[PDB]
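Heads up, the thing below is written out as structure tokens.
To keep things simple, chains are lettered A, B, C, D, E, F and G as they appear, and every chain counts its residues starting from 1.
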Amino acid sequence: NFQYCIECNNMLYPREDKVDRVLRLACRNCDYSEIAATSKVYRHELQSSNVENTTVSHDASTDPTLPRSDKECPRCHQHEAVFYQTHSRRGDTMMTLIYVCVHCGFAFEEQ
Amino acid sequence: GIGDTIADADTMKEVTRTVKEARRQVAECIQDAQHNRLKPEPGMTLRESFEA
Amino acid sequence: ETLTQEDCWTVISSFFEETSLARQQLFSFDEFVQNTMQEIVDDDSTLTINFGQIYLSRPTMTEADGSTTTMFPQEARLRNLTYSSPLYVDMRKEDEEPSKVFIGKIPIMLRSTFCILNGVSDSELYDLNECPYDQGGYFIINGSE
Amino acid sequence: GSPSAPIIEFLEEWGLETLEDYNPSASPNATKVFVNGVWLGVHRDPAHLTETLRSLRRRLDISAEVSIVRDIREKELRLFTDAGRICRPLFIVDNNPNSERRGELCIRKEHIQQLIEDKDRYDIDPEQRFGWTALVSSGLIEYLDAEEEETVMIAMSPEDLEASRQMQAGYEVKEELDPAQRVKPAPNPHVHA
Amino acid sequence: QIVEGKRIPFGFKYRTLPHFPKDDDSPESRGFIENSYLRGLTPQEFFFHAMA
Amino acid sequence: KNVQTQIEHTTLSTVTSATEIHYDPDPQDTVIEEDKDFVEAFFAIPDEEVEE
Amino acid sequence: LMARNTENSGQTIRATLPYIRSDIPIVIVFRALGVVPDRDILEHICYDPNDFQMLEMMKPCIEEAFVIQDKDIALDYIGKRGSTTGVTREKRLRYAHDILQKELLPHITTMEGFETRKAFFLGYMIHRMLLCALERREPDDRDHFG
């Protein structure tokens, strides 16, 4: 991945190794030059999410203003579990409504 | 007067019945569209075609 | 142990026993006064002349061929009189002691922490031609609310 | 409005709550802390930090005009105090749990009868017929800001609270006895306390 | 009752009002009375009506 | 439907995820990142003008 | 923020910093507090991982500081009050420092030795922005009141 680099932590510009024929990153500040990490370079993406695990409801159990389930806390163990959805501006991000136990925090999904 | 505004007692039981009997018609929507079984279309969207 | 509704009122009646209506108005001025203002004059009390604390003075009147008698509204008002009191800020020039000089006049808000009434009992509000229902909130500048 | 000084005294000092840097990699996150928008501090377990603040308003050790926020979706803990806020005196619940099983009501009939002992007043000193002017000094009613609402969950009528408490263990509803009235939303969607 | 072509809008937060959970896409809350100007209206309702 | 889908903008709306830039020296470079690759090799094997 | 002209360039973000004068790319101001070196600047905004998406948008942002490039020039590109004055450098530098202590985020602290505090806020500000263009939340509501 495109990072900085030791010495003078700074941006890293791309640079091919013609002769050799391999990846190689570098910076415009100093001279440092490290090998590549993958053929990939830049990606577009028109948008298809941006949450995956939205780490991590680690503050849902203490959210007096939230709903709760009843028993069935996959793994861990115990009853009572807070849930909730996402809904961001546009969609249609269906409603991957998730959950979290009060005595744990296992983001146990569900259909 | 008011009397002209107060529906029959018997026939008012049947009012409150067809109202609370349309809760069940939302229950089967608030929870059935959490299992992605709407669906939507047209005009969109999916959240809106639910509101609809 | 259960709690009934007729009780809630018996609670919120207490709120209006002390807090009363217009309480804050009326209070956002009861704090001016002393208050935060003596520090704002100190933010720019410089001049190649320094400004000190300011003596708090009750609303009075001074006039020609007359004398120094404090105001007693609303027996004022109709004299189209503005209802203010004088400011007195200790100025520094050096002779140890300050100077207690007058700096314009500031219009007071009826029924305040520093008003002519504040802690006056109903039976004594009448004597003054007032009305136990007035809740302050207003100024009587130039004779009109 | 209340002074913005003695407020940080109860924050930098407690606790621990460290200022300065503390950023590269670790801390965040590790949530942060604004006050009047003035983000001086990082602080870790917000847990202990909040409950203990809120109990400062219930004893009045601090001005009762102070709001508190716990945005568990954006992190942060905004703490306003500057004048211009709006309030709205509510009742509370305080659920630990600890006393009285789980809930519930934070006032007792006792309290009320005591209130009435002052309507018959005056007739004493200060002291001072604790008539509301103290009902906050005793952590009974909290004034809520407009932005404080977001993080709170108020009830409408005690009846609703009683019904929810009975459900927490399964208790008949009795909806075939009520007569022409404001048909409430029964029973109570989730919401445990 | 309505408003700009969408039952009582949310905000603040993800809720119609502070007497409700979150994601309460139910009528028992979002603008929607069950009684008439006879019983008639309930607090949690009275407001919804006034703002429509 | 012949026409329904015979008069629409279309263009690059099916991609929307998307465009990636990979640097590959020799005309026979890849990696992945998935499967493919095989298809590319088959296209080169048919050396019908590769050199050109 | 800007994000138009598919020809110019790659969606780049700026600032104003009242009460004068124009637009001033972001990196320019971090480099005017105590954080000139790159990487560290992004640490105040986002936190890898990362999440390059939210960061990427920086590319065009940094490029705007590809000339800064230290502390001298930074304060330099600030000569525009105004009503025709200066002459030129030294003076300009002085004005820049004054601004950083009264104009640049006037609350917090107006002392002298507290430029490391205003270094994060900007990162915090622009943290929010990124959350919206990437479509990660929703634009705050001016309805409040609240």
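As a working rule, contacts are C-beta pairs under 8 Å (C-beta built on N, C-alpha and C of every residue); 3 or more make two chains touch, one makes a residue touch a chain.
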item: Identity of the chain that, by mean CA position, is farthest from subunit E; value: F
item: Chain with minimal offset from the mean of all protein Cα atoms; value: D
item: Chain pair showing more contacts of the two, A-F and B-E; value: A-F
item: Whole-Å gap between the CA centroids of subunit C and subunit E; value: 44
item: Between subunit G and subunit F, distance of the C-alpha-averaged centres to the nearest whole Å; value: 41
item: Intercentroid distance (Cα basis), subunit C paired with subunit A, Å; value: 60
item: Residue list for subunit E, restricted to those that touch at least two other chains; value: 12-13, 18, 21, 26, 28, 34, 38
item: Residue list for subunit G, restricted to those that touch at least two other chains; value: 40, 137, 144, 146
item: Where subunit A touches two or more other chains, by residue; value: 45, 47, 65, 67, 87, 90
item: Interchain pairs in contact, sorted by label; value: A-B, A-D, A-E, A-F, A-G, B-E, C-D, D-E, D-G, E-G
item: Complex contacts: residues of subunit E adjacent to subunit A; value: 13-15, 18, 21-23
item: In the complex with subunit A, residue positions of subunit B that touch it; value: 33-36, 40, 44-47
item: Residue numbers on subunit G that touch subunit E, as the complex places them; value: 141, 143-144, 146
item: Complex contact set, residues of subunit A against subunit F; value: 14, 16, 21-23, 38-48
item: In the complex, subunit E residues that touch subunit B; value: 6-7, 25-28, 34, 38
